[PDB]
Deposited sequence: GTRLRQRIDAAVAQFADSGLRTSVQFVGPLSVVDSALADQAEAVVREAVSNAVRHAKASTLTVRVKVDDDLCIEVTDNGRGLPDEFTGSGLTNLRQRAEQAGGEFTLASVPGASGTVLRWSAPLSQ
């Protein structure tokens, strides 16, 4: 197997700033995701979490990985006041991986990062 769930947990544990509260949620049959897509999911979470910094107030960073019609990752950051957060080279990385996977990516503003890709049929 891909150990996708364990790898998402490890990515959050390694890269989440200790000043941020985190929540990690999984929904759906993670075991159906193939190796290439699991690698993308891990890299997306690593990149998104490593770019999250401390805000003036206490903040929460939520990571949701869902397998439904597709694979979709939603990283929500309720922190405010940092318009340059998430706008670095990591954004190029996330967009590049979405194109690599034939999927899509959205940055919306707290701030929500959504990365999705189709599952192979």
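*Asks:* Could you give the ranges of the deposited sequence that carry no C-alpha coordinates?
*Replies:* In the chain as deposited, only 110 to 114 carries no coordinates.
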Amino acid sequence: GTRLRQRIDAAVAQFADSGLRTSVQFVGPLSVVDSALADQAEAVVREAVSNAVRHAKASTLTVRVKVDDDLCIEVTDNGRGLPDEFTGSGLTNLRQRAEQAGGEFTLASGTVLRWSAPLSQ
From here on, numbers count along this sequence of modelled residues.
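*Asks:* Which is higher on average in the deposited entry, the C-alpha temperature factors of 34 to 42 or of 54 to 62?
*Replies:* Between 34 to 42 and 54 to 62, it is 54 to 62.
*Asks:* Tell me which of 90 to 98 and 23 to 31 has the higher mean C-alpha B-factor in the deposited entry.
*Replies:* Higher of the two, by average CA B-factor, is 90 to 98.
*Asks:* Considering every modelled residue of the chain and its Cα B-factor in the PDB entry, is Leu119 in the lowest, middle or highest third?
*Replies:* Its C-alpha B-factor belongs to the highest third of this chain's values.
*Asks:* Can you tell me which third, lowest, middle or highest, the CA B-factor of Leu82 falls into for its chain?
*Replies:* As the PDB entry reports it, the C-alpha B-factor of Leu82 lands in the highest third of its chain.
*Asks:* Relative to the other modelled residues in the chain, which third contains the C-alpha temperature factor of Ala16: lowest, middle or highest?
*Replies:* For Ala16, whose C-alpha B-factor we compare with every modelled residue in the chain, the answer is the highest third.
*Asks:* Which third of the chain does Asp69 land in by C-alpha B-factor: lowest, middle or highest?
*Replies:* Top third by C-alpha B-factor.
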